Amino acid sequence: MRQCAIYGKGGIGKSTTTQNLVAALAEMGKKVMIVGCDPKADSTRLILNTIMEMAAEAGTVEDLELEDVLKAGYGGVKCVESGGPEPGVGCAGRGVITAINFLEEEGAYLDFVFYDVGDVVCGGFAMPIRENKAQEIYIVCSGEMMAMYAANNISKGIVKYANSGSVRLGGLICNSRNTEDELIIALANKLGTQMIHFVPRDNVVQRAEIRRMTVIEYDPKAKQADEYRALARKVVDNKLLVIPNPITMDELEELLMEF
Amino acid sequence: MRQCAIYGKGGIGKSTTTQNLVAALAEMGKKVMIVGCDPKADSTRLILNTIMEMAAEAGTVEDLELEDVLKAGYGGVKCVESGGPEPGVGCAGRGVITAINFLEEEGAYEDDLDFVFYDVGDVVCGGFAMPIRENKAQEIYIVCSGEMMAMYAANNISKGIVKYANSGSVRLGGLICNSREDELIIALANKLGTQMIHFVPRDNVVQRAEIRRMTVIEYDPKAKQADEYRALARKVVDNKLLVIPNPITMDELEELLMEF
Amino acid sequence: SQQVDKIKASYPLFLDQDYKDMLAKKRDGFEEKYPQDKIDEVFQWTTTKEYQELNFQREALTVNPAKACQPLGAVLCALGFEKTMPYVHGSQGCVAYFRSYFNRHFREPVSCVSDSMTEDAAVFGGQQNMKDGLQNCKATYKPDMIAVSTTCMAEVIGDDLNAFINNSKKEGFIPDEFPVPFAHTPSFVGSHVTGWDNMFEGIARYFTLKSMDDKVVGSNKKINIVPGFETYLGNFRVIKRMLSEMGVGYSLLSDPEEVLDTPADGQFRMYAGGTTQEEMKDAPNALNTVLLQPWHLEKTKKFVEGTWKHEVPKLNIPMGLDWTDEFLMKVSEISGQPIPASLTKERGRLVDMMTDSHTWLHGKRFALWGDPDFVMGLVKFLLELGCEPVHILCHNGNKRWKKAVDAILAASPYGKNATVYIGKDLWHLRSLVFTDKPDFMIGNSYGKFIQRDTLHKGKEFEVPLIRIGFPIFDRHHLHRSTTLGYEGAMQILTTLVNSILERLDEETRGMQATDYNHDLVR
Amino acid sequence: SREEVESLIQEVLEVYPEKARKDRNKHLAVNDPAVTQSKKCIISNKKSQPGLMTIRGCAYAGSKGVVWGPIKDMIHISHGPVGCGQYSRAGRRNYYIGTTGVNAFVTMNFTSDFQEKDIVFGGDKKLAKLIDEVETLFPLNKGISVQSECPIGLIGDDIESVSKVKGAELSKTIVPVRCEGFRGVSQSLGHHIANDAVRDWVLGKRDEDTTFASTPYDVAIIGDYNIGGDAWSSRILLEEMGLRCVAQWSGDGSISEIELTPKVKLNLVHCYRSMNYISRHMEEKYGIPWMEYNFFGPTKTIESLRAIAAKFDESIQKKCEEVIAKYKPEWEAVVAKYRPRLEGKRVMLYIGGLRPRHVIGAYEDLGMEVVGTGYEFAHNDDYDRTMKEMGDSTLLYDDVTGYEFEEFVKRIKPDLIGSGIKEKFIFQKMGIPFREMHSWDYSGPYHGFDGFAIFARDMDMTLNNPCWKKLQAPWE
Ligand code: CFM
Ligand code: CLF
Ligand code: SF4
Ligand SMILES: [Ca+2]
């Protein structure tokens, strides 16, 4: 079994590509589970009861039943959402921390486990990459100034936990804006990793999104659907796992100046 | 003395627009102060030692002088960065609480400013809502796009406004769209009961300036995009529409999107 | 075994042979205890100057602290108001501990509630807890006011107390006009004293901020007195006594003297006395405001000078002769009331006591600790007595405080072998009394362990504890003493000479050995 | 008294708002000793209603305060701000023999005393540094525990990684306990987290190890915290019975004793609530059976000794009768002296998760009846065990509020109350004799035969004390 964590700026369509990537994974005959740990998005709406809300209805997390929080969707992909507060209050980090612990202790773990994580603004959002958790991290980005800045920052987090334990960067996933392709390959090389795959911007993705489906479910025979299949196969066979080497702001600006 | 908070999805150009806006504002002769409260971005790099780092160095916040943290930049804009932990550790939320508190206690807001701009990160907790508590920001502007996850973020923020609005004096001043997307965001505002204060067009000059650590106003005052930010600035300075937003459903959202 | 008419409790029960033998079998057989010679070697080393350099080089570890967290001071401040329930927003563990801690010191009941924030409230925010909690507390315990403070957990997650309380009123959980002052009191900032300052200022704000337009300074002709974190009941009493003796109209803001000392007459009174709501509302109309413990009433001072427009006097804590004289003359100046014959005579009686006892007090060396104001007034007094306050420790003190106390030490020949330590704890001080041995320590109950350690090194190296400060858990009714004024100075002086004489009588009680100096008259 | 306690319950509850009213209703009951299942009578271990002055502590109090704290040769670190550590510093009388600051560290308070910057930047680097400091300053420690306070749990401080790297490096056993105060609903979950931390980081250290010389009579006292010397006063009997007591869990416990516990033949569990978890674990992994015992008062001590000795051979059973006979003259003397002074007196109790049912027999050996009893944090299995030990129409209360307890006492009017420090001065004010049944009011032991002597002495000195006759003024 392989546990993987997906990070990256959200305003790109990070959760959408995470679910499309798993969809194709399921289509290949792989048993996968998605653990949503992102407060800014819904990591399971396309494949298909959060841990926190159900924990509250049962009294405490100790009364929680893994069955009230699990649920399968397309291709049998298992889905759980950690839960978190309503905007402007509470602590979403602790919600991820609590969610993940419950899953460990309730032995919720199957070929791949995929954590769709939110911005590493604190300790709780790094829980997915601690000892004995996700081993491979994929960062989805694009050729946008701050999208790249986000990946580089995430990389700094990967470094802290990689030096401490066993978790590595598997590569960059480029969500195309149609502007780029080469730029991300350059960043990855700077980072010492790889651009695992370039995801073209096909409008079908959005058509599927509105219908609450991945591309592989909405229209398999579609062109974009094969892209996700090639992304899946590359991740299935990826062997390149490294400790990134984040760059300086000066280095990022300089890179963008060449395009 | 108007305090404003700027929220929105970062993958857009939230920090860049905030700074281009404040630059246009300072260009009109307005005295502005920018307070960086976003761990996922650099809020003052275009206008120019954080409060948290400076504090640790000196021992504690109580040992901090305002002059050590406040630094004047383009147009005389005063800049302060809250600071926070490195990625994957610490608690950036509390860092924001501490910084704002320090600014309150150290009399930074009582110097005779025209505007204060908080560039806030995603409201994943109470700390990142520090800017919209009482005696803080009264006007909220959200930067958005025609993207889905970008409009959904605009709504989540509105729900957060609603919550602190029923409790005090804080309103939604409107939507700012970073480039029929023009129409989409207008409807999103009508649904929210607010407005799209301005549609910032897409223009490579913004990136040109940004990568060179400048706002368009400073990088090229004669640029057409420069006049776009001057147009936004004037609409903000004269804005009178402050409202409590009426958030929509993800269903109602998928309806709006599907209609375009 | 136990003989029914001479029953033994733990001491000396376990000193009996069968227990002593059993304990030895437990040790040799299953404890894998380090040999006594090694235990003895390490102890002696923890006594040396070498160990002390290492100890003082600590930057991450804190051992045996001489301070507590903000909310504790907040609860005490709130108890000083009429029929108010101290309410701490956050997790309940804190409250059980706050109550226990004060119970053990005052030997009285201490009322305080929490809104029991659990793991899901940590993730969702404590808004619901605040709604129901305020409603339940008001309905069950019926206070006239609820004073809200916070625990660290609620501070980390940024629960907006102001919004949460306003939404509570808006949704009908508590009346819109029901007084609910609040103060964010983070555990990880300052100490218990900072909690008092934040809470007092929070209440002052609540009752006066909006109403400032109809206030005229000096119109009610009283002087406000803000006490600060005070755990000696006699200190509330002596200040109220001296002002009434002078005919000075005053208002004491935060007075827990009655709740913390109700009578055992057959009924339990949850609330007793306290500063009324009207005394706080009418507070800006006072002639001026005197802060008794200025070094931890800084936020309060800023609100009083800033909002109330009062010219707070630069006055130190009224401990010892000079500072009590300064306090009375300032109070005399402000109120227009002259210092009466009764106080004048009381002053001469303290000076009398000083001239009678100076022989035994001269050159006596002391290690001491406590909160910044208390420890500063104590240094000053000791200095007026001809004593040397060799080690001065204030864990929760800051840099400006250390400067002020160094200035006081500079002004007298008795403060020349003295050093002030801020941010240092009782394990740091344990070393100090080992390497630079003083005659006595003046501190709280935690110093009984330092005395135990010094005695293990030997009788000659033993440094006795004189229990003055907070908390005192191992003696009874000391919380009734006075530390403030001439009255407090006389109490402090008697305790010091008699501790000196007690110790001398002990060292001279040896028959034919040291008893040649076991004098009847001393 | 049969329906007078039900109308009392309803009358007391009338003061709460509706939500709190319906929740507290199911937490209060009247006993029926025929109810093997307590869930149709009382529910427990649910969260406390906000603002009602609960008596409960937190998970940290359960972990650091009661389970790990007593272990004498380890250094337990209260990780977070200065508070928790200070309030819990030497508040519980978990006795030990050792040279403090050198090889024992129970009464001391080691903290990371978090400041704002440790909250904002994180404190893992500070923790690592602290561990190096306890090593140069307390070289004779035999292990370190890291006890989480609330902030550590929110901030996501990866303390197990710190424990792993520092432990391997220094060749020290460093145990990380995620016992942050907001977890659970009381001290109870803190017991559980602590038991798990013991098995995951300490218990299996001597697993492949066969150096220890075993005996068929090896036992372990599990769940006796040695309050006032309670455990020593219990093992004197066990060892006079021919048994070898290899371990004492936490009370005067050492780390080596814990490591040596899987080597025994039987786990004797006193405190069922706090350590049934580790006992159950020792049964499935090492095959060691466990049984519950009660050393409060003669009737229970005698019963316990007999049951414990019946698990072994005829020589231990013979020595069991030897010990019962040895102490028979002594405890009969105590009964002869104090029982006539105490007969027919009524007691209401409200303690933690074991004493409210455990001290009943001892009170009844002095002729006293317990008319009310309750727990702060017990689960239904403790209440199941409580039904047999209590009288019929008696009051049962789980997580009693300050209001409820005061009013129940006003109706019932007990001659003596047994609870903690937070309610002690409330009832003395009210003229009702009070004994602390947590700290034994700085007396103890109360366990075993010698402890019974002290228990009786104490109930008598307080109940028949001359001060209680003087609460009211002769002029009114
Ligand atoms: S309140 Fe025991 S389950 Fe626990 S500290 Fe006291 S009735 Fe505890 S017997 Fe024990 S030594 Fe105790 S007295 Fe179980 S250890 S959480 Mo407060
Ligand atoms: S439940 Fe933070 S410092 Fe320690 S007392 Fe608190 S305010 Fe003060 Fe339990 S883990 Fe501790 S006692 Fe969490 S915080 Fe209370
Ligand atoms: S920054 Fe993280 S740990 Fe801190 S309050 Fe916010 S979500 Fe919680
Ligand atoms: Ca008393």
# chains A, B, ... in the order shown; residues from 1 in each chain; ligands from 1
call {"tool": "interface_residues", "arguments": {"of": "chain B", "to": "chain C", "cutoff": "9 Å", "atoms": "only C-alpha atoms", "output": "list in words"}}
result
residues 60, 91, 93, 94, 97, 125, 126, 127, 128, 129, 130, 133, 134, 163, 164, 166, 167 and 168 of chain B
call {"tool": "write_last_selection", "arguments": {"atoms": "N, CA, C and O atoms", "output": "compact mmCIF listing (two decimals), in the first residue's frame"}}
result
# COMPACT_ATOMS: atom_id res chain seq x y z
N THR B 60 10.21 39.70 23.76
CA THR B 60 8.76 39.64 23.61
C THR B 60 8.21 40.90 22.94
O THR B 60 8.92 41.88 22.76
N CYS B 91 1.97 28.09 14.50
CA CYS B 91 0.58 28.52 14.42
C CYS B 91 0.53 29.96 13.91
O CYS B 91 0.64 30.90 14.69
N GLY B 93 -1.97 31.57 12.76
CA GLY B 93 -3.15 32.26 13.23
C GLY B 93 -2.85 33.13 14.45
O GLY B 93 -3.18 34.31 14.47
N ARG B 94 -2.21 32.55 15.46
CA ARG B 94 -1.89 33.31 16.66
C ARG B 94 -0.90 34.43 16.34
O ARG B 94 -0.94 35.49 16.96
N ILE B 97 -2.97 37.41 15.51
CA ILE B 97 -3.59 37.96 16.70
C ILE B 97 -2.58 38.84 17.44
O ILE B 97 -2.87 40.00 17.76
N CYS B 125 -9.33 29.78 10.75
CA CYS B 125 -9.45 29.84 12.20
C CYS B 125 -9.69 31.25 12.71
O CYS B 125 -9.59 32.21 11.95
N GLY B 126 -9.99 31.35 14.00
CA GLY B 126 -10.26 32.65 14.60
C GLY B 126 -9.16 33.69 14.43
O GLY B 126 -9.45 34.87 14.25
N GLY B 127 -7.90 33.25 14.49
CA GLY B 127 -6.79 34.17 14.35
C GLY B 127 -6.76 34.96 13.05
O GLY B 127 -6.39 36.13 13.03
N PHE B 128 -7.15 34.31 11.96
CA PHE B 128 -7.15 34.99 10.67
C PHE B 128 -8.42 35.81 10.48
O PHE B 128 -8.68 36.34 9.40
N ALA B 129 -9.21 35.91 11.54
CA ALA B 129 -10.42 36.71 11.50
C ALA B 129 -10.19 37.89 12.43
O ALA B 129 -11.09 38.70 12.65
N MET B 130 -8.98 37.98 12.97
CA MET B 130 -8.61 39.07 13.88
C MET B 130 -8.86 40.44 13.26
O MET B 130 -9.30 41.36 13.94
N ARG B 133 -12.63 41.98 13.64
CA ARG B 133 -13.27 42.08 14.95
C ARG B 133 -13.61 43.56 15.15
O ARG B 133 -13.24 44.39 14.32
N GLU B 134 -14.30 43.89 16.23
CA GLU B 134 -14.65 45.28 16.48
C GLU B 134 -13.43 46.18 16.59
O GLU B 134 -12.37 45.75 17.04
N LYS B 163 -21.22 36.28 10.03
CA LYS B 163 -21.03 35.91 11.42
C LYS B 163 -20.56 37.07 12.31
O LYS B 163 -21.12 37.30 13.38
N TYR B 164 -19.53 37.78 11.87
CA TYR B 164 -18.99 38.91 12.63
C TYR B 164 -19.80 40.19 12.43
O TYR B 164 -19.65 41.16 13.18
N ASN B 166 -23.30 40.33 12.40
CA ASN B 166 -24.40 40.30 13.34
C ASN B 166 -23.89 40.65 14.74
O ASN B 166 -24.67 41.00 15.62
N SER B 167 -22.58 40.55 14.92
CA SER B 167 -21.95 40.84 16.21
C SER B 167 -21.37 42.25 16.28
O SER B 167 -21.16 42.77 17.37
N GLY B 168 -21.11 42.86 15.13
CA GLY B 168 -20.54 44.19 15.16
C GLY B 168 -20.58 44.98 13.86
O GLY B 168 -21.34 44.67 12.94
call {"tool": "select_by_dssp", "arguments": {"residues": "stretch 155-240 of chain B", "states": "helix (DSSP H, G or I)", "output": "ChimeraX atom specification"}}
result
/B:155-165,181-192,204-211,216-219,224-238
call {"tool": "write_last_selection", "arguments": {"atoms": "N, CA and C atoms", "output": "short mmCIF file (atom, residue, chain, number, x, y, z; two decimals), in the first residue's frame"}}
result
data_model
loop_
_atom_site.label_atom_id
_atom_site.label_comp_id
_atom_site.auth_asym_id
_atom_site.auth_seq_id
_atom_site.Cartn_x
_atom_site.Cartn_y
_atom_site.Cartn_z
N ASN B 155 -17.61 33.03 -1.34
CA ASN B 155 -18.80 32.79 -0.53
C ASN B 155 -18.42 32.45 0.92
N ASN B 156 -17.51 31.50 1.10
CA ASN B 156 -17.06 31.11 2.43
C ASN B 156 -16.70 32.36 3.23
N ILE B 157 -15.98 33.27 2.59
CA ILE B 157 -15.56 34.53 3.22
C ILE B 157 -16.80 35.33 3.61
N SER B 158 -17.79 35.36 2.73
CA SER B 158 -19.02 36.09 3.00
C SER B 158 -19.72 35.51 4.23
N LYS B 159 -19.75 34.18 4.32
CA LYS B 159 -20.38 33.52 5.46
C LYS B 159 -19.66 33.96 6.73
N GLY B 160 -18.35 34.14 6.62
CA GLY B 160 -17.55 34.56 7.76
C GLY B 160 -17.85 36.00 8.13
N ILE B 161 -18.17 36.80 7.12
CA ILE B 161 -18.51 38.20 7.33
C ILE B 161 -19.81 38.21 8.12
N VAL B 162 -20.84 37.60 7.54
CA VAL B 162 -22.16 37.50 8.16
C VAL B 162 -22.06 37.24 9.66
N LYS B 163 -21.22 36.28 10.03
CA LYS B 163 -21.03 35.91 11.42
C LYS B 163 -20.56 37.07 12.31
N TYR B 164 -19.53 37.78 11.87
CA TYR B 164 -18.99 38.91 12.63
C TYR B 164 -19.80 40.19 12.43
N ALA B 165 -20.67 40.19 11.42
CA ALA B 165 -21.51 41.35 11.12
C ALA B 165 -22.66 41.46 12.11
N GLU B 181 -16.63 36.33 -18.33
CA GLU B 181 -16.30 36.32 -16.91
C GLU B 181 -16.72 37.63 -16.27
N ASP B 182 -16.69 38.69 -17.07
CA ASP B 182 -17.07 40.03 -16.62
C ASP B 182 -18.48 40.02 -16.02
N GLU B 183 -19.39 39.32 -16.69
CA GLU B 183 -20.78 39.23 -16.26
C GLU B 183 -20.98 38.29 -15.07
N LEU B 184 -20.36 37.12 -15.14
CA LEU B 184 -20.45 36.12 -14.08
C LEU B 184 -20.27 36.68 -12.67
N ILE B 185 -19.18 37.41 -12.46
CA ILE B 185 -18.89 37.98 -11.15
C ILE B 185 -19.88 39.06 -10.75
N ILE B 186 -20.49 39.70 -11.74
CA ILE B 186 -21.47 40.73 -11.45
C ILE B 186 -22.72 40.08 -10.85
N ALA B 187 -23.11 38.95 -11.41
CA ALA B 187 -24.28 38.22 -10.92
C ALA B 187 -24.00 37.66 -9.53
N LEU B 188 -22.77 37.19 -9.33
CA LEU B 188 -22.36 36.62 -8.05
C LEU B 188 -22.54 37.68 -6.97
N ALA B 189 -22.25 38.93 -7.31
CA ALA B 189 -22.38 40.04 -6.37
C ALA B 189 -23.85 40.36 -6.10
N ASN B 190 -24.65 40.40 -7.16
CA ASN B 190 -26.08 40.69 -7.02
C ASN B 190 -26.70 39.64 -6.11
N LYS B 191 -26.23 38.40 -6.24
CA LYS B 191 -26.74 37.32 -5.42
C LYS B 191 -26.34 37.57 -3.97
N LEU B 192 -25.11 38.01 -3.78
CA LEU B 192 -24.60 38.30 -2.44
C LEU B 192 -25.23 39.57 -1.88
N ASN B 204 -0.13 41.78 -19.05
CA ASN B 204 1.24 41.33 -18.80
C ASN B 204 2.12 42.32 -18.06
N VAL B 205 1.75 43.60 -18.06
CA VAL B 205 2.57 44.59 -17.38
C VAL B 205 2.59 44.36 -15.88
N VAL B 206 1.49 43.83 -15.34
CA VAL B 206 1.40 43.55 -13.91
C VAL B 206 2.49 42.55 -13.54
N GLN B 207 2.63 41.48 -14.32
CA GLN B 207 3.66 40.48 -14.06
C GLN B 207 5.04 41.11 -14.22
N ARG B 208 5.23 41.87 -15.30
CA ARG B 208 6.51 42.53 -15.54
C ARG B 208 6.98 43.30 -14.32
N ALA B 209 6.06 44.09 -13.76
CA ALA B 209 6.36 44.88 -12.57
C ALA B 209 6.54 43.98 -11.35
N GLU B 210 5.61 43.05 -11.17
CA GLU B 210 5.63 42.13 -10.04
C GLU B 210 6.95 41.37 -9.89
N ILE B 211 7.43 40.78 -10.98
CA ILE B 211 8.68 40.04 -10.94
C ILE B 211 9.85 40.97 -10.65
N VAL B 216 2.38 48.34 -10.80
CA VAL B 216 2.40 49.01 -12.09
C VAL B 216 2.56 50.52 -11.92
N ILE B 217 1.89 51.10 -10.92
CA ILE B 217 1.98 52.54 -10.70
C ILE B 217 3.42 53.03 -10.60
N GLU B 218 4.27 52.25 -9.94
CA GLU B 218 5.66 52.64 -9.80
C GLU B 218 6.48 52.22 -11.01
N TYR B 219 6.24 51.00 -11.47
CA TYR B 219 6.94 50.44 -12.61
C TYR B 219 6.74 51.23 -13.91
N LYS B 224 -1.52 51.65 -19.28
CA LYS B 224 -2.97 51.63 -19.27
C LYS B 224 -3.51 50.88 -18.05
N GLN B 225 -2.80 49.84 -17.65
CA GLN B 225 -3.20 49.05 -16.49
C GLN B 225 -3.07 49.92 -15.25
N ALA B 226 -2.14 50.87 -15.29
CA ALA B 226 -1.93 51.78 -14.17
C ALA B 226 -3.23 52.53 -13.91
N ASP B 227 -3.87 52.98 -14.99
CA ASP B 227 -5.12 53.71 -14.89
C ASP B 227 -6.26 52.82 -14.41
N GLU B 228 -6.09 51.52 -14.55
CA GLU B 228 -7.11 50.59 -14.10
C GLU B 228 -7.10 50.57 -12.58
N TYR B 229 -5.90 50.58 -11.99
CA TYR B 229 -5.77 50.58 -10.54
C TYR B 229 -6.17 51.92 -9.96
N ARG B 230 -5.99 52.98 -10.74
CA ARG B 230 -6.38 54.31 -10.30
C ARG B 230 -7.90 54.38 -10.33
N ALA B 231 -8.51 53.61 -11.23
CA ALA B 231 -9.96 53.58 -11.33
C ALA B 231 -10.53 52.80 -10.14
N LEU B 232 -9.85 51.72 -9.75
CA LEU B 232 -10.28 50.91 -8.62
C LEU B 232 -10.17 51.76 -7.35
N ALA B 233 -9.03 52.43 -7.19
CA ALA B 233 -8.77 53.27 -6.03
C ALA B 233 -9.85 54.33 -5.81
N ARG B 234 -10.24 55.00 -6.89
CA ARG B 234 -11.26 56.03 -6.80
C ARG B 234 -12.61 55.43 -6.40
N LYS B 235 -12.92 54.25 -6.93
CA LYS B 235 -14.18 53.58 -6.61
C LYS B 235 -14.19 53.13 -5.15
N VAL B 236 -13.01 52.86 -4.60
CA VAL B 236 -12.92 52.44 -3.20
C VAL B 236 -13.06 53.68 -2.32
N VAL B 237 -12.33 54.74 -2.66
CA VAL B 237 -12.38 55.99 -1.90
C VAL B 237 -13.78 56.59 -1.83
N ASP B 238 -14.57 56.41 -2.88
CA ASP B 238 -15.92 56.97 -2.91
C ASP B 238 -17.02 55.97 -2.58
#
call {"tool": "residues_around", "arguments": {"residues": "residue C:457", "least_positions_apart": "5", "cutoff": "12 Å", "atoms": "only C-alpha atoms", "output": "number ranges by chain"}}
result
C: 40-48, 433-435, 450-452, 462-463
call {"tool": "write_last_selection", "arguments": {"atoms": "C-alpha atoms", "output": "short mmCIF file (atom, residue, chain, number, x, y, z; two decimals), in the first residue's frame"}}
result
data_model
loop_
_atom_site.label_atom_id
_atom_site.label_comp_id
_atom_site.auth_asym_id
_atom_site.auth_seq_id
_atom_site.Cartn_x
_atom_site.Cartn_y
_atom_site.Cartn_z
CA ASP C 40 25.64 10.99 47.16
CA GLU C 41 28.18 12.05 44.49
CA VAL C 42 25.61 13.60 42.16
CA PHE C 43 23.99 15.47 45.08
CA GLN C 44 27.27 17.07 46.15
CA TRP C 45 27.92 18.08 42.58
CA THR C 46 24.45 19.72 42.34
CA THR C 47 25.70 21.85 45.23
CA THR C 48 28.91 23.17 43.56
CA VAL C 433 21.85 29.44 48.45
CA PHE C 434 24.35 26.60 48.09
CA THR C 435 27.21 28.57 46.56
CA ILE C 450 15.21 24.08 49.03
CA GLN C 451 15.57 24.01 52.85
CA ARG C 452 15.39 20.19 52.76
CA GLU C 462 20.85 24.59 56.18
CA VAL C 463 19.02 27.74 55.12
#
call {"tool": "residues_near_ligand", "arguments": {"ligand": "ligand 2", "cutoff": "8 Å", "atoms": "only C-alpha atoms and all ligand atoms", "output": "ChimeraX atom specification"}}
result
/C:68-72,90-98,150-153,186-188 /D:57-61,80-87,148-151,179-182
call {"tool": "write_last_selection", "arguments": {"atoms": "C-alpha atoms", "output": "tab-separated table (two decimals), in the first residue's frame"}}
result
chain	number	residue	atom	x	y	z
C	68	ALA	CA	1.52	30.88	37.64
C	69	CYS	CA	-0.61	31.63	34.56
C	70	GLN	CA	-2.75	34.68	33.70
C	71	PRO	CA	-6.27	33.27	34.28
C	72	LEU	CA	-5.53	32.56	37.96
C	90	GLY	CA	-11.80	27.34	27.54
C	91	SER	CA	-11.12	23.86	28.92
C	92	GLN	CA	-12.19	22.83	32.44
C	93	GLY	CA	-8.93	21.36	33.74
C	94	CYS	CA	-7.75	24.94	34.28
C	95	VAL	CA	-10.68	25.81	36.54
C	96	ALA	CA	-10.42	22.70	38.74
C	97	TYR	CA	-6.79	23.64	39.29
C	98	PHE	CA	-7.45	27.38	39.89
C	150	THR	CA	-9.60	32.65	28.92
C	151	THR	CA	-7.38	29.55	28.94
C	152	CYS	CA	-4.58	29.07	26.36
C	153	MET	CA	-6.53	26.69	24.21
C	186	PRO	CA	-3.24	34.11	27.46
C	187	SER	CA	-1.31	31.60	29.67
C	188	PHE	CA	1.71	31.96	27.44
D	57	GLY	CA	-10.22	17.73	35.87
D	58	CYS	CA	-8.70	17.18	32.40
D	59	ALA	CA	-6.74	14.60	30.40
D	60	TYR	CA	-3.44	16.11	31.54
D	61	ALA	CA	-4.48	15.73	35.18
D	80	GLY	CA	3.16	23.91	27.33
D	81	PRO	CA	2.66	27.12	29.45
D	82	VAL	CA	3.57	27.35	33.17
D	83	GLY	CA	0.08	26.74	34.67
D	84	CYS	CA	-0.81	23.02	34.65
D	85	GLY	CA	2.62	22.11	35.95
D	86	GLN	CA	2.51	24.52	38.89
D	87	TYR	CA	-1.02	23.66	40.10
D	148	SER	CA	1.16	17.54	26.53
D	149	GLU	CA	-0.87	20.52	27.70
D	150	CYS	CA	-3.62	22.00	25.45
D	151	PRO	CA	-1.45	24.15	23.14
D	179	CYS	CA	-2.66	14.13	26.88
D	180	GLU	CA	-3.71	17.69	26.01
D	181	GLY	CA	-6.47	18.87	28.39
D	182	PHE	CA	-9.32	19.35	25.90
call {"tool": "residues_near_ligand", "arguments": {"ligand": "ligand 1", "cutoff": "6 Å", "atoms": "only C-alpha atoms and all ligand atoms", "output": "PyMOL selection string"}}
result
chain D and resi 62+66+187+225+271+273-274+351-355+438
call {"tool": "residues_near_ligand", "arguments": {"ligand": "ligand 4", "cutoff": "8 Å", "atoms": "only C-alpha atoms and all ligand atoms", "output": "MDAnalysis selection string"}}
result
(chainID C and resid 106:109 261:262 264) or (chainID D and resid 425)
call {"tool": "closest_atom_pairs", "arguments": {"of": "chain D", "to": "ligand 3", "cutoff": "9 Å", "atoms": "only C-alpha atoms and all ligand atoms", "output": "JSON lines"}}
result
{"residue": "D:119", "atom": "CA", "partner": "ligand 3", "partner_atom_place_in_ligand_line": "4 (Fe)", "distance": 8.2}
{"residue": "D:120", "atom": "CA", "partner": "ligand 3", "partner_atom_place_in_ligand_line": "4 (Fe)", "distance": 7.6}
{"residue": "D:151", "atom": "CA", "partner": "ligand 3", "partner_atom_place_in_ligand_line": "3 (S)", "distance": 8.5}
{"residue": "D:153", "atom": "CA", "partner": "ligand 3", "partner_atom_place_in_ligand_line": "3 (S)", "distance": 8.5}
{"residue": "D:154", "atom": "CA", "partner": "ligand 3", "partner_atom_place_in_ligand_line": "3 (S)", "distance": 5.0}
{"residue": "D:155", "atom": "CA", "partner": "ligand 3", "partner_atom_place_in_ligand_line": "3 (S)", "distance": 4.0}
{"residue": "D:156", "atom": "CA", "partner": "ligand 3", "partner_atom_place_in_ligand_line": "3 (S)", "distance": 6.6}
call {"tool": "interface_residues", "arguments": {"of": "chain B", "to": "chain D", "cutoff": "12 Å", "atoms": "only C-alpha atoms", "output": "PyMOL selection string"}}
result
chain B and resi 39+51-62+82-99+125+127
call {"tool": "select_by_dssp", "arguments": {"residues": "stretch 10-258 of chain A", "states": "strand (DSSP E)", "output": "number ranges by chain"}}
result
A: 32-37, 78-81, 112-117, 136-141, 168-175, 195-199
call {"tool": "interface_residues", "arguments": {"of": "chain A", "to": "chain D", "cutoff": "10 Å", "atoms": "only C-alpha atoms", "output": "list in words"}}
result
residues 59, 60, 61, 62, 91, 92, 93, 94, 95, 96, 97, 98, 122, 123, 124, 125, 126, 127, 130, 131, 161, 164 and 165 of chain A
